[PDB]
Amino acid sequence: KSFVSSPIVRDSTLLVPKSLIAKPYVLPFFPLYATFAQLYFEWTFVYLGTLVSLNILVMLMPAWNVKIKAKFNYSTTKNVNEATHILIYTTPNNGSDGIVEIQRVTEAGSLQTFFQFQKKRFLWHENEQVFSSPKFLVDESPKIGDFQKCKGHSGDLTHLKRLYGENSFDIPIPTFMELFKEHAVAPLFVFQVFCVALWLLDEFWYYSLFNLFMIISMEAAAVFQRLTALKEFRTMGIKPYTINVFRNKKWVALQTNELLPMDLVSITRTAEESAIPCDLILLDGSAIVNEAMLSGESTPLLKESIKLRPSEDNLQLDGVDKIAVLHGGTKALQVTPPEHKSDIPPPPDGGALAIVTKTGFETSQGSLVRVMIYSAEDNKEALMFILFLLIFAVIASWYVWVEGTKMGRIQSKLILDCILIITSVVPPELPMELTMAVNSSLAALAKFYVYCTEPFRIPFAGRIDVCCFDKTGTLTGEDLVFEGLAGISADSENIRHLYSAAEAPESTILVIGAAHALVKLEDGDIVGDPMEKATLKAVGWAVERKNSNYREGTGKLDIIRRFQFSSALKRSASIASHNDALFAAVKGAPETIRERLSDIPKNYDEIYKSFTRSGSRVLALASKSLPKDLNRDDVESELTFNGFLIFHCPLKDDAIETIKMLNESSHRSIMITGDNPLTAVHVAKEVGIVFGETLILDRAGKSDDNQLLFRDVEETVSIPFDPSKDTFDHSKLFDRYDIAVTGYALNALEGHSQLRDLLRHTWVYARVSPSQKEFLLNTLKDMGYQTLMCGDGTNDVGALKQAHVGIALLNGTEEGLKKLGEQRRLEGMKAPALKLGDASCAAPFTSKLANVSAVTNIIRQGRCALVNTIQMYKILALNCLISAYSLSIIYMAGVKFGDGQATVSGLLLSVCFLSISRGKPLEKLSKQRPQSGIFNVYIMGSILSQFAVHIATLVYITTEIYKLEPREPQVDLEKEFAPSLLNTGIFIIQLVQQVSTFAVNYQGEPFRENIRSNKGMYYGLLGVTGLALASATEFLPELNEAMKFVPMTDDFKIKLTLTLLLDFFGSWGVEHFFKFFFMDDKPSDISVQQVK
Ligand code: BEF
Ligand SMILES: [Mg+2]
């Protein structure tokens, strides 16, 4: 039969669809139905009931597991020409099993069986009788001649389209039905449908159907909201744009979707909100790409051609020959056309030609995103809560059943009472309360443009212990900006000195403008390295169509001849002229220029090493006077120092304050970047992640043998280390220095005994691969900490997915977003745009703004959400216990309430219970963290003690009332409501208990705003308290008479009032007692900060 051959699959069996008659559940049942019909032609109806139930269950058994579905519905076969479905048994580390449909199509006279599993294509090869995925040429060892000699596609490529597919990134979104099926498993929903069914068993039809409809509508709205969020924010921004392609020996302009491997393209200077299509390789030309999105580094890399290499012997290595590859998802800042002629004509544009190698999801970015999407992977608190409620309901039901069978009532009424207890175990307004809370949290988050697609992760942001960060794009910008000169002095009064702008002497402002490669076109434009343009604008130079540049504010200047920038001996030059005389400007790397000029300054080396060891990328320029077309070694014979040029990506104006606020709030913040260790350490020290001296783990030598070395930022201390013999001496390393581990040191330390002791004491990780951030976050989660990740690139997509709460920062300002919203509103009535990228595809939260304080806002909302959840759970527990006791004990006595009393009390207390959720958090972050879960000594003790206080109060007052009036031993449960004294003596105290169970437990000061600032609940409690205290002391005889209350004596009034006050005060006091003695709100051990 078939045998799929791929590292994703493990086993595979074909499947043929069985008819509607041969299904396993159907054949056996007809004999049972015939037997039941024969026996029928009371007690027998339950048999038909359970038979129908088991039949319907057999039918729904398949849908939960795909293995059971494939076993029941389809029967395995051994002929690939007749099966129409195939089961795929995936490997342990790749997703889950599934069923994929075998498609067929006839092309060129031959049918081509094929399907597609996990966005990875498969095809049918008859020679080996296996479904084999395509293998590209670049993966197989290629001779470089195979790439050099290719001449594009020719003929009819109707087979390549089938074998490789279209270069398209289409991510699937889940349908509404599966998303609803995910929600319809939750314990609350199944409990609600179970209880409404139990009630429908005997109650009315209209009320039950209305309740069921109101339950279904909430889930419908929730799934609609989540599905809209998914549909908007689950995609990578990829828009096809026309490029030239060499097909049929002529340059014809195709789109980006119709690209195949071994196709000649001509890439130009990439415009805004666009990227390189797919994995290309330079065949001729040059470029300057920016790997900030995919690789995650700041400096723009310089790519070169592949033509000069020998053709026959050498092999395409992707080692030494890494300077020619171009990934997909990076921007090309500058491109140069090919120099000499080849066997193909040059492109019609000014671009450079290159070869495609991989397309679609098989490229690097596509592979990362696909492995994130498909290869992906507590509820015990809710389960224990349900079991607790059920235990107490069962106790009460046993008591009421024994008492009923002792009194002599029929079984039907006892069953109805035991059903009513379990039906009333939970308030009816719980779904509306939960929906209101979720919608309020979402609409409060969405005012900072923070859209969330999984609302059940908002409570996760309350107890965050570790906050991870990405450097490039998240904390700093991704472009180099001109900072100012340096080093043009001889006083040695201060090394780090930046002549910010326009403070240079005449020589430096002449040289900065004479030594460049920009040029103005005829139609009006400027081309060149954007950093050169940036410095030429910052100094204030203006280039014209003629190479002469002027209008700087002092005069004019013209260029005679300019030179190129070679990869080796990296530098440039230029020959300019002025009104006075003629000079020659030179601008190149500092070390190469240093050997060139004669007059070596004194602070040259010091300034170079001081500005290069911390992030910045210096450029040392020099000049020389030239008196009145010549060689290159003559103009660069000897020069004169004229100044530096310092470029570095600038911090976000919001990072320092956000990190300080997260540090002063018992959080631990670390940095996981991809840049070199020096820049990472510098930015982490400037922001406030590390404080003291910093050590770095990196390779000791160059070649091999896995020997790490603790080395300072400078050359002061060099502590050697060996991951084979030595071990971390904590007292001498971790106490005196904050260390930062690189990627190679983290790779050579795998399997070490103290790897976790290392990970506990490192705050900065530099030069890590996109596959090691996942390992770091998985280890931090396995240790026991709660994690967070805030990035923007494509390399940190797996880390964003694996964290407990992920955040993806897009680009955009407040003004631009407000203007876009206003324009959209105006268009519906009658600044650069934002790109969705690949980080927003995996992160649940997606801050459409660019600033970093989104992390602080999300944590501030998560604290409030968690507090609301805990308070609601505790109040539900108390109300359940009180209602169970009330029913079980009271109802077995002669206590029945009127209608108006119950109506008013229910209205007011329901208003309060619905107003529980509404509460605005405080603008400050505190060091105390909310409690997680109800089940612990503090909350359980508080609940049980408050229940005990209420029981004691109620027992005392019942004894007092039975002292006033006779006990009436004989009781009947059919007598209607009648004004009595037990009635009022119980009702007033029920009201006061329901007031106390809110007023004592609601108040949370450090996490959200006070109760008085919650006007709804405050006014509700005030109204109910006024009602109770006006009914207790009969302050208003008209109100007491209007509500069917019996007139009381004086001593009983005094006793009742004192009992109410003592009940409330004792409850509050014992709650405060447990809160003071057993709070236990402790920050994590890693969160504490000590002076090293
Ligand atoms: F530099 Be980060 F990995 F985006
Ligand atoms: Mg980034």
# chains A, B, ... in the order shown; residues from 1 in each chain; ligands from 1
$ residues_near_ligand --ligand "ligand 2" --cutoff "6 Å" --atoms "only C-alpha atoms and all ligand atoms" --output "ChimeraX atom specification"
/A:293,296,470,472-474,791-793
$ write_last_selection --atoms "N, CA, C and O atoms" --output "tab-separated table (two decimals), in the first residue's frame"
chain	number	residue	atom	x	y	z
A	293	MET	N	14.94	42.05	11.11
A	293	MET	CA	13.69	41.35	11.37
A	293	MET	C	13.92	39.85	11.57
A	293	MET	O	13.49	39.28	12.58
A	296	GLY	N	17.89	39.47	13.56
A	296	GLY	CA	17.80	40.22	14.79
A	296	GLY	C	19.03	41.01	15.17
A	296	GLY	O	19.32	41.13	16.36
A	470	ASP	N	13.31	41.41	24.17
A	470	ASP	CA	14.12	41.34	22.96
A	470	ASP	C	14.71	42.72	22.70
A	470	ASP	O	14.07	43.73	22.99
A	472	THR	N	16.54	44.29	19.67
A	472	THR	CA	16.39	45.04	18.44
A	472	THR	C	14.93	45.03	18.00
A	472	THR	O	14.34	43.97	17.79
A	473	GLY	N	14.35	46.22	17.84
A	473	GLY	CA	12.98	46.39	17.45
A	473	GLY	C	12.02	46.57	18.60
A	473	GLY	O	10.97	47.19	18.43
A	474	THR	N	12.36	46.04	19.78
A	474	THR	CA	11.51	46.16	20.96
A	474	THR	C	11.99	47.26	21.90
A	474	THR	O	11.23	48.17	22.23
A	791	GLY	N	8.41	40.68	22.16
A	791	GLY	CA	9.28	40.84	21.01
A	791	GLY	C	8.51	41.30	19.79
A	791	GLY	O	7.29	41.49	19.84
A	792	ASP	N	9.24	41.48	18.69
A	792	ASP	CA	8.62	41.92	17.45
A	792	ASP	C	9.09	41.19	16.20
A	792	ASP	O	8.42	41.31	15.16
A	793	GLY	N	10.18	40.44	16.24
A	793	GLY	CA	10.76	39.86	15.05
A	793	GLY	C	10.18	38.51	14.69
A	793	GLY	O	9.16	38.07	15.24
$ residues_around --residues "stretch 558-563 of chain A" --least-positions-apart "3" --cutoff "12 Å" --atoms "only C-alpha atoms" --output "number ranges by chain"
A: 510-511, 513-519, 542-551, 555, 566, 570-579, 581-588, 629-633, 635-636
$ select_by_dssp --residues "stretch 62-289 of chain A" --states "strand (DSSP E)" --output "VMD selection string"
chain A and resid 74 to 75 85 to 90 98 to 101 106 to 107 110 to 111 114 to 117 120 to 125 130 to 131 243 to 247 250 to 254 264 to 267 279 to 282 286 to 289
$ residues_around --residues "stretch 719-736 of chain A" --least-positions-apart "3" --cutoff "6 Å" --atoms "only C-alpha atoms" --output "ChimeraX atom specification"
/A:707-710,1092
$ residues_near_ligand --ligand "ligand 1" --cutoff "10 Å" --atoms "only C-alpha atoms and all ligand atoms" --output "number ranges by chain"
A: 292-298, 469-476, 478, 671-675, 680, 766-770, 773, 790-797, 839
$ atom_distance --atom1 "atom CA of residue A:72" --atom2 "atom CA of residue A:23"
6.9 Å
$ select_by_dssp --residues "stretch 709-916 of chain A" --states "alpha helix (DSSP H)" --output "VMD selection string"
chain A and resid 730 to 733 743 to 748 755 to 759 772 to 783 797 to 802 814 to 829 854 to 885 900 to 915
$ residues_around --residues "residue A:662" --least-positions-apart "5" --cutoff "9 Å" --atoms "only C-alpha atoms" --output "list in words"
residues 467, 657, 667, 668, 669, 856 and 925 of chain A
$ residues_around --residues "stretch 935-949 of chain A" --least-positions-apart "2" --cutoff "6 Å" --atoms "only C-alpha atoms" --output "list in words"
residues 933, 951, 952, 1067, 1071 and 1078 of chain A
$ write_last_selection --atoms "N, CA and C atoms" --output "short mmCIF file (atom, residue, chain, number, x, y, z; two decimals), in the first residue's frame"
data_model
loop_
_atom_site.label_atom_id
_atom_site.label_comp_id
_atom_site.auth_asym_id
_atom_site.auth_seq_id
_atom_site.Cartn_x
_atom_site.Cartn_y
_atom_site.Cartn_z
N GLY A 933 -5.83 30.97 43.45
CA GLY A 933 -6.64 29.84 43.88
C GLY A 933 -7.24 30.05 45.26
N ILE A 951 -23.71 30.69 61.51
CA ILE A 951 -24.48 29.61 62.12
C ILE A 951 -24.75 29.90 63.59
N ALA A 952 -23.74 30.39 64.31
CA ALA A 952 -23.93 30.67 65.74
C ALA A 952 -24.98 31.76 65.94
N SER A 1067 -17.78 38.67 62.22
CA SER A 1067 -17.35 38.20 60.90
C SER A 1067 -16.17 39.02 60.39
N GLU A 1071 -12.28 37.56 59.88
CA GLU A 1071 -11.66 37.65 58.56
C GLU A 1071 -10.34 38.40 58.64
N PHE A 1078 -2.16 34.74 58.26
CA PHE A 1078 -1.76 33.75 57.26
C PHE A 1078 -1.91 34.28 55.84
#
$ closest_residue --among "A:1030, A:442, A:389, A:122" --to "residue A:191" --atoms "only C-alpha atoms"
A:389
$ decode --residues "stretch 76-110 of chain A" --atoms "N, CA, C and O atoms" --output "compact mmCIF listing (two decimals), in the first residue's frame"
# COMPACT_ATOMS: atom_id res chain seq x y z
N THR A 76 -9.45 0.13 6.61
CA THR A 76 -8.15 0.23 5.95
C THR A 76 -8.09 -0.69 4.74
O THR A 76 -8.66 -1.79 4.74
N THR A 77 -7.39 -0.24 3.70
CA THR A 77 -7.19 -1.01 2.48
C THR A 77 -5.70 -1.04 2.16
O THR A 77 -4.87 -0.53 2.91
N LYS A 78 -5.37 -1.67 1.02
CA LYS A 78 -3.97 -1.83 0.62
C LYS A 78 -3.75 -1.48 -0.84
O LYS A 78 -2.80 -1.97 -1.45
N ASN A 79 -4.61 -0.65 -1.42
CA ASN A 79 -4.51 -0.26 -2.82
C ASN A 79 -4.65 1.25 -2.91
O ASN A 79 -5.70 1.80 -2.57
N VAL A 80 -3.59 1.92 -3.37
CA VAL A 80 -3.56 3.38 -3.37
C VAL A 80 -4.43 3.97 -4.47
O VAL A 80 -4.79 5.15 -4.40
N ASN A 81 -4.81 3.17 -5.46
CA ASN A 81 -5.63 3.66 -6.56
C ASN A 81 -7.12 3.68 -6.24
O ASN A 81 -7.92 4.09 -7.09
N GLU A 82 -7.52 3.25 -5.04
CA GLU A 82 -8.93 3.25 -4.65
C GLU A 82 -9.22 3.90 -3.31
O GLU A 82 -10.37 4.27 -3.07
N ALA A 83 -8.23 4.05 -2.43
CA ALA A 83 -8.46 4.76 -1.18
C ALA A 83 -8.63 6.25 -1.44
O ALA A 83 -7.98 6.82 -2.31
N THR A 84 -9.53 6.87 -0.68
CA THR A 84 -9.78 8.31 -0.81
C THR A 84 -9.46 9.07 0.47
O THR A 84 -9.76 10.27 0.55
N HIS A 85 -8.88 8.42 1.47
CA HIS A 85 -8.39 9.10 2.66
C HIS A 85 -7.20 8.31 3.19
O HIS A 85 -7.09 7.11 2.96
N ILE A 86 -6.32 9.01 3.89
CA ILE A 86 -5.08 8.41 4.39
C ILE A 86 -4.81 8.93 5.79
O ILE A 86 -4.90 10.14 6.03
N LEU A 87 -4.50 8.03 6.71
CA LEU A 87 -4.22 8.38 8.09
C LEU A 87 -2.72 8.60 8.27
O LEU A 87 -1.92 7.79 7.79
N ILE A 88 -2.36 9.68 8.95
CA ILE A 88 -0.97 10.09 9.10
C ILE A 88 -0.60 10.01 10.58
O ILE A 88 -1.18 10.72 11.41
N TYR A 89 0.35 9.14 10.91
CA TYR A 89 0.82 8.96 12.28
C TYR A 89 2.09 9.79 12.44
O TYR A 89 3.16 9.41 11.95
N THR A 90 1.98 10.91 13.14
CA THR A 90 3.09 11.85 13.22
C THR A 90 4.14 11.39 14.23
O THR A 90 3.89 10.53 15.08
N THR A 91 5.32 11.98 14.12
CA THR A 91 6.42 11.70 15.03
C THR A 91 6.14 12.32 16.39
O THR A 91 5.24 13.14 16.53
N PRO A 92 6.89 11.94 17.43
CA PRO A 92 6.57 12.45 18.78
C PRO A 92 6.72 13.95 18.93
O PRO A 92 6.02 14.54 19.77
N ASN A 93 7.59 14.59 18.16
CA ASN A 93 7.89 16.00 18.34
C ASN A 93 7.20 16.90 17.33
O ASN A 93 7.47 18.10 17.30
N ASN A 94 6.31 16.35 16.49
CA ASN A 94 5.69 17.12 15.41
C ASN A 94 4.17 16.98 15.48
O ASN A 94 3.60 16.05 14.90
N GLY A 95 3.52 17.90 16.19
CA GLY A 95 2.08 18.02 16.13
C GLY A 95 1.35 16.77 16.57
O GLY A 95 1.81 16.02 17.43
N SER A 96 0.19 16.54 15.96
CA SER A 96 -0.67 15.42 16.30
C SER A 96 -1.18 14.76 15.02
O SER A 96 -1.06 15.31 13.93
N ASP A 97 -1.74 13.56 15.17
CA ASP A 97 -2.23 12.80 14.04
C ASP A 97 -3.42 13.50 13.38
O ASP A 97 -3.95 14.49 13.89
N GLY A 98 -3.83 12.98 12.23
CA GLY A 98 -4.94 13.58 11.51
C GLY A 98 -5.27 12.80 10.27
O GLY A 98 -4.60 11.81 9.92
N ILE A 99 -6.32 13.26 9.59
CA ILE A 99 -6.82 12.64 8.36
C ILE A 99 -6.72 13.67 7.24
O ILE A 99 -7.23 14.79 7.37
N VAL A 100 -6.07 13.29 6.14
CA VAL A 100 -5.92 14.16 4.99
C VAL A 100 -6.47 13.46 3.76
O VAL A 100 -6.40 12.23 3.64
N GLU A 101 -7.02 14.24 2.84
CA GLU A 101 -7.75 13.71 1.69
C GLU A 101 -6.83 13.55 0.49
O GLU A 101 -6.11 14.48 0.12
N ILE A 102 -6.86 12.37 -0.11
CA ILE A 102 -6.07 12.07 -1.30
C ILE A 102 -6.76 12.69 -2.51
O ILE A 102 -7.88 12.30 -2.86
N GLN A 103 -6.11 13.65 -3.14
CA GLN A 103 -6.65 14.29 -4.33
C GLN A 103 -6.08 13.62 -5.58
O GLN A 103 -5.10 12.89 -5.53
N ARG A 104 -6.73 13.88 -6.71
CA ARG A 104 -6.29 13.33 -7.99
C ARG A 104 -6.56 14.33 -9.09
O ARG A 104 -7.54 15.08 -9.04
N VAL A 105 -5.69 14.33 -10.10
CA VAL A 105 -5.84 15.21 -11.26
C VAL A 105 -4.99 14.65 -12.39
O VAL A 105 -3.90 14.13 -12.16
N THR A 106 -5.51 14.74 -13.61
CA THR A 106 -4.83 14.23 -14.79
C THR A 106 -4.19 15.38 -15.55
O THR A 106 -4.88 16.29 -16.01
N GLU A 107 -2.87 15.33 -15.69
CA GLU A 107 -2.10 16.32 -16.43
C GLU A 107 -1.10 15.60 -17.31
O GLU A 107 -0.43 14.66 -16.85
N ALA A 108 -0.99 16.03 -18.57
CA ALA A 108 -0.07 15.44 -19.53
C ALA A 108 -0.32 13.94 -19.70
O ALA A 108 0.61 13.15 -19.87
N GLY A 109 -1.59 13.55 -19.64
CA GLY A 109 -1.96 12.17 -19.88
C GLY A 109 -1.73 11.22 -18.72
O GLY A 109 -1.93 10.01 -18.89
N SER A 110 -1.31 11.71 -17.56
CA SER A 110 -1.06 10.86 -16.41
C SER A 110 -1.65 11.49 -15.16
O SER A 110 -1.42 12.67 -14.89
